[PDB]
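Read through the structure below, which is laid out as structure tokens, and then see the notes.
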Amino acid sequence: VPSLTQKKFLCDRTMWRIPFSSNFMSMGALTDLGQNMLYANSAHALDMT
Amino acid sequence: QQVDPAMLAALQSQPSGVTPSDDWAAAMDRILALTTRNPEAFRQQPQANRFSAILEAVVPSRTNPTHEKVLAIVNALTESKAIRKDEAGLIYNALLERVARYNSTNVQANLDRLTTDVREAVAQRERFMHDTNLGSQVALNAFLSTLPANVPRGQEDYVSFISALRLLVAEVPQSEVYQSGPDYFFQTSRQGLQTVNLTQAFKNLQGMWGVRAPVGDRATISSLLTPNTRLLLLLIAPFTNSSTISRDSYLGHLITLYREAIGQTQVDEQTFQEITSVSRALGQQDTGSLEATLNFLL
């Protein structure tokens with residue numbers, strides 16, 4: 001019979017994570033954009049979706 | 001932005017074009033064709049706007065300045081914030097009812113006396129913007145009539161510190177002191193930070209003017225000084241020459257060293273102006289144009 005594909009994935013036991021560093025690479029406890037002069041003197045609300 | 005309020009009264013109630021009803025000497029100046037710029041400009045107007053000016057100039061009209069003299073008062077009251085700006089359309093709606101109710105020869109000449117001292121005797125308002133005894137001299141001369149003049153150690157440098165503090169609130173038009181609660185304060189600027197608790201500073205400095213401390217003691221005054229007293233001595237530092245408290249009092253370890261700390265930043269800001277302008281002269285990451293810059297200067 002003719003047929004169309006349908007692919008998903010499956011992940012369990014763990015959760016996604018998005019690191020705050022610039023290249024999204026974990027190079028320490030603090031991050032690159034973390035110890036910036038920005039975000040450590042100023043405040044920033046965020047408006048996720 | 002303006003200096004005088006009656007000029008704005010002469011800008012909101014006078015005709016912009018020259019009329020012989022109010023400015024005859026300029027309206028007759030152009031009828032006889034005697035003017036530097038554009039002399040021949042009145043013959044070539046027709047019989048409409050000749051006779052509507054040439055009749056009214058050789059016999060003027062007789063208008064009423066009652067509606068104009070009050071705007072030289074109502075403006076002069078709202079310049080000095082006596083009335084809200086949302087409100088001057090009511091008081092001119094009430095003063096014009098007033099001076100037309102009780103009108104006389106006198107009141108028309110009594111308003112005219114009052115549109116002169118809001119011009120040349122309002123120079124006090126020009127005066128105490130400079131001498132600032134709004135809240136800096138006569139509000140601090142109550143403070144100097146509050147402190148005790150009998151200090152046991154250091155009788156002479158006590159009355160030279162406050163002699164240099166009265167000069168601080170005098171050479172600065174923005175700074176002012178005031179009575180809020182049972183204690184006096186002192187802010188270095190309106191819309192300003194760095195409020196010193198002036199009562200809780202001279203009470204900390206009382207019993208402190210004579211110490212003769214050595215030069216190997218730094219971290220003791222956490223239980224002896226107070227950081228606002230440490231900030232009041234920062235605000236007295238640029239107006240304190242080297243002859244006030246000479247060398248060897250502990251304030252000589254403080255006031256002289258605070259001038260050196262100000263003396264660092266008043267030439268390192270010029271260094272900081274150079275570094276932030278050569279990051280775009282060669283090409284540098286502007287995120288990393290301030291992290292290593294401040295660490296070299298702190």
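Chain identifiers are assigned as A, B, and so on, following the order in which chains appear in the structure tokens; residues are numbered from 1 within each chain, and ligands are numbered from 1 in order of appearance.
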Inset, instruction - Could you list, as a list in words, the residues of chain A having an atom within 9 Å of chain B when counting only C-alpha atoms? - result: residues 36, 37 and 38 of chain A
What does the file look like for those residues with N, CA and C atoms, as a PDB file, in the first residue's frame?
```pdb
ATOM      1  N   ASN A  36      29.820  38.916  32.691  1.00  0.00           N
ATOM      2  CA  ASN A  36      29.824  40.144  31.917  1.00  0.00           C
ATOM      3  C   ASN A  36      29.575  41.332  32.842  1.00  0.00           C
ATOM      4  N   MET A  37      30.043  42.513  32.430  1.00  0.00           N
ATOM      5  CA  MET A  37      29.652  43.730  33.132  1.00  0.00           C
ATOM      6  C   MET A  37      28.153  43.946  33.015  1.00  0.00           C
ATOM      7  N   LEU A  38      27.590  43.655  31.850  1.00  0.00           N
ATOM      8  CA  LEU A  38      26.151  43.543  31.706  1.00  0.00           C
ATOM      9  C   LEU A  38      25.663  42.328  32.484  1.00  0.00           C
TER      10      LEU A  38
END
```
Inset, instruction - Extract, using only C-alpha atoms, all DNA, RNA and protein residues at most 8 Å from segment 104-121 of chain B, discarding same-chain residues fewer than 2 positions from it, and format them as a ChimeraX atom specification. - result: /B:4-6,66,69-70,72-73,76,99,102,123-124
For the selection you just gave me, I'd like the residues written to a file as a PDB file, in the first residue's frame, keeping C-alpha atoms.
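Contents of out22.pdb, as written:
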```pdb
ATOM      1  CA  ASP B   4      11.185  87.952  32.703  1.00  0.00           C
ATOM      2  CA  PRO B   5       7.482  87.013  32.878  1.00  0.00           C
ATOM      3  CA  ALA B   6       6.076  90.298  31.559  1.00  0.00           C
ATOM      4  CA  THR B  66      -6.507  95.526  32.246  1.00  0.00           C
ATOM      5  CA  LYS B  69      -1.363  93.758  33.135  1.00  0.00           C
ATOM      6  CA  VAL B  70      -2.801  90.708  34.887  1.00  0.00           C
ATOM      7  CA  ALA B  72       2.250  90.036  33.797  1.00  0.00           C
ATOM      8  CA  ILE B  73       1.194  89.016  37.318  1.00  0.00           C
ATOM      9  CA  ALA B  76       4.969  85.954  37.507  1.00  0.00           C
ATOM     10  CA  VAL B  99      -9.913  94.049  39.282  1.00  0.00           C
ATOM     11  CA  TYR B 102     -13.232  96.974  42.474  1.00  0.00           C
ATOM     12  CA  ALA B 123      16.303  89.908  41.366  1.00  0.00           C
ATOM     13  CA  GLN B 124      16.338  88.277  44.800  1.00  0.00           C
TER      14      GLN B 124
END
```
Inset, instruction - Measure the distance from atom CA of residue 207 of chain B to atom CA of residue 239 of chain B in Å and round it to one decimal. - result: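 These two atoms are separated by 23.4 Å.
What separates atom CA of residue 136 of chain B from atom CA of residue 249 of chain B is a distance of 28.6 Å.
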Inset, instruction - Can you work out the spacing between atom CA of residue 268 of chain B and atom CA of residue 297 of chain B in Å, to one decimal? - result: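 For atom CA of residue 268 of chain B relative to atom CA of residue 297 of chain B, the distance reads 7.2 Å.
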Inset, instruction - Determine which residues of segment 17-216 of chain B receive a DSSP assignment of helix (DSSP H, G or I), computed from the backbone, and state them as a ChimeraX atom specification. - result: /B:24-31,48-58,66-69,71-79,88-101,105-114,123-127,155-166,199-205
Inset, instruction - Skip residue 159 of chain B itself and residues of its chain fewer than 6 positions away, then list as a PyMOL selection string all residues within 12 Å of it, counting only C-alpha atoms. - result: chain B and resi 144+147-151+165-166+209+244-245
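Proximity to segment 192-205 of chain B at 8 Å, evaluated using only C-alpha atoms and with sequence-adjacent residues fewer than 2 positions away removed, yields residues 183, 184, 185, 186, 187, 188, 189, 190, 207, 208, 209, 225, 226, 228, 229, 231 and 232 of chain B.
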Atoms to include: N, CA, C and O atoms. Write the selected residues as an mmCIF file, in the first residue's frame.
```
data_model
loop_
_atom_site.group_PDB
_atom_site.id
_atom_site.type_symbol
_atom_site.label_atom_id
_atom_site.label_comp_id
_atom_site.auth_asym_id
_atom_site.auth_seq_id
_atom_site.Cartn_x
_atom_site.Cartn_y
_atom_site.Cartn_z
ATOM 1 N N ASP B 183 16.682 65.538 63.142
ATOM 2 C CA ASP B 183 18.071 65.590 62.718
ATOM 3 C C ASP B 183 18.176 66.257 61.353
ATOM 4 O O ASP B 183 17.233 66.231 60.557
ATOM 5 N N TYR B 184 19.335 66.863 61.096
ATOM 6 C CA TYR B 184 19.590 67.574 59.851
ATOM 7 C C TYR B 184 20.380 66.700 58.891
ATOM 8 O O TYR B 184 21.221 65.904 59.306
ATOM 9 N N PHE B 185 20.124 66.880 57.599
ATOM 10 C CA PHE B 185 20.754 66.119 56.525
ATOM 11 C C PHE B 185 21.452 67.078 55.571
ATOM 12 O O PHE B 185 21.389 68.291 55.731
ATOM 13 N N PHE B 186 22.124 66.515 54.572
ATOM 14 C CA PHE B 186 22.854 67.305 53.578
ATOM 15 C C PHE B 186 23.043 66.480 52.321
ATOM 16 O O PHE B 186 23.775 65.489 52.341
ATOM 17 N N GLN B 187 22.394 66.881 51.236
ATOM 18 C CA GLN B 187 22.524 66.203 49.959
ATOM 19 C C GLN B 187 23.370 67.054 49.028
ATOM 20 O O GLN B 187 23.217 68.279 48.973
ATOM 21 N N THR B 188 24.259 66.397 48.292
ATOM 22 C CA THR B 188 25.170 67.124 47.422
ATOM 23 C C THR B 188 24.513 67.609 46.136
ATOM 24 O O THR B 188 25.108 68.429 45.427
ATOM 25 N N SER B 189 23.311 67.137 45.818
ATOM 26 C CA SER B 189 22.600 67.590 44.633
ATOM 27 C C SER B 189 21.110 67.366 44.827
ATOM 28 O O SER B 189 20.697 66.434 45.521
ATOM 29 N N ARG B 190 20.310 68.236 44.218
ATOM 30 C CA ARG B 190 18.906 67.911 44.033
ATOM 31 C C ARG B 190 18.794 66.850 42.950
ATOM 32 O O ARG B 190 19.563 66.862 41.982
ATOM 33 N N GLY B 207 34.679 63.915 70.158
ATOM 34 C CA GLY B 207 35.582 63.029 70.867
ATOM 35 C C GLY B 207 36.555 62.318 69.956
ATOM 36 O O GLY B 207 37.004 61.214 70.276
ATOM 37 N N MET B 208 36.885 62.922 68.817
ATOM 38 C CA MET B 208 37.740 62.297 67.817
ATOM 39 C C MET B 208 38.765 63.262 67.228
ATOM 40 O O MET B 208 39.748 62.804 66.640
ATOM 41 N N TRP B 209 38.615 64.575 67.438
ATOM 42 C CA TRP B 209 39.416 65.582 66.747
ATOM 43 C C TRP B 209 40.880 65.587 67.172
ATOM 44 O O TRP B 209 41.725 66.088 66.422
ATOM 45 N N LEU B 225 34.714 54.740 63.195
ATOM 46 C CA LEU B 225 34.044 55.635 62.265
ATOM 47 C C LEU B 225 32.713 55.038 61.811
ATOM 48 O O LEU B 225 32.261 54.000 62.302
ATOM 49 N N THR B 226 32.075 55.707 60.854
ATOM 50 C CA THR B 226 30.816 55.316 60.257
ATOM 51 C C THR B 226 31.004 55.678 58.792
ATOM 52 O O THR B 226 31.633 56.698 58.496
ATOM 53 N N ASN B 228 29.125 56.970 56.503
ATOM 54 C CA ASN B 228 28.647 58.275 56.055
ATOM 55 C C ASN B 228 29.550 59.402 56.538
ATOM 56 O O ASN B 228 29.731 60.396 55.825
ATOM 57 N N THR B 229 30.104 59.264 57.746
ATOM 58 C CA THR B 229 31.198 60.129 58.171
ATOM 59 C C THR B 229 32.404 59.954 57.258
ATOM 60 O O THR B 229 33.072 60.928 56.897
ATOM 61 N N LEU B 231 31.967 59.287 54.224
ATOM 62 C CA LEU B 231 31.520 59.924 52.994
ATOM 63 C C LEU B 231 31.373 61.431 53.145
ATOM 64 O O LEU B 231 31.526 62.159 52.159
ATOM 65 N N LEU B 232 31.083 61.915 54.353
ATOM 66 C CA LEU B 232 31.094 63.353 54.597
ATOM 67 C C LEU B 232 32.501 63.916 54.474
ATOM 68 O O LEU B 232 32.694 65.013 53.942
#
```
Legend entry - residue 93 of chain B environment, 12 Å, only C-alpha atoms, sequence neighbours closer than 4 positions dropped, as a list in words: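 Counting only the stated atoms, we get residues 67, 70, 71, 74, 87, 88, 89, 97, 98, 99 and 100 of chain B.
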Dump of N, CA and C atoms for the selected residues, as a tab-separated table (two decimals), in the first residue's frame:
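Ended up saving to part-v8.tsv:
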```tsv
chain	number	residue	atom	x	y	z
B	67	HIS	N	-6.63	93.58	30.78
B	67	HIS	CA	-6.42	92.18	30.44
B	67	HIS	C	-4.96	91.84	30.20
B	70	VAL	N	-2.62	91.83	33.98
B	70	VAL	CA	-2.80	90.71	34.89
B	70	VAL	C	-1.99	89.50	34.41
B	71	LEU	N	-1.81	89.33	33.09
B	71	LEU	CA	-0.90	88.29	32.62
B	71	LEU	C	0.55	88.57	32.97
B	74	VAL	N	-0.06	87.02	36.70
B	74	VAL	CA	-0.41	85.60	36.72
B	74	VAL	C	0.73	84.75	36.18
B	87	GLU	N	-3.84	75.55	36.56
B	87	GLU	CA	-4.71	76.33	37.41
B	87	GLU	C	-4.75	77.80	37.01
B	88	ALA	N	-3.79	78.27	36.22
B	88	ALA	CA	-3.70	79.68	35.87
B	88	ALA	C	-4.83	80.15	34.97
B	89	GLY	N	-5.53	79.23	34.31
B	89	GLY	CA	-6.74	79.61	33.60
B	89	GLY	C	-7.93	79.87	34.50
B	97	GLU	N	-11.97	89.15	37.07
B	97	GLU	CA	-13.23	89.48	37.72
B	97	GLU	C	-13.01	90.36	38.94
B	98	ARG	N	-11.88	90.18	39.62
B	98	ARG	CA	-11.59	90.98	40.81
B	98	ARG	C	-11.31	92.43	40.45
B	99	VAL	N	-10.32	92.68	39.59
B	99	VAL	CA	-9.91	94.05	39.28
B	99	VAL	C	-10.87	94.76	38.34
B	100	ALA	N	-11.93	94.11	37.88
B	100	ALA	CA	-13.02	94.81	37.22
B	100	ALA	C	-14.21	95.02	38.14
```
Legend entry - Using only C-alpha atoms: which of B:28, B:281, B:90, B:170 has the shortest distance to residue 58 of chain B: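 Closest candidate: B:28.
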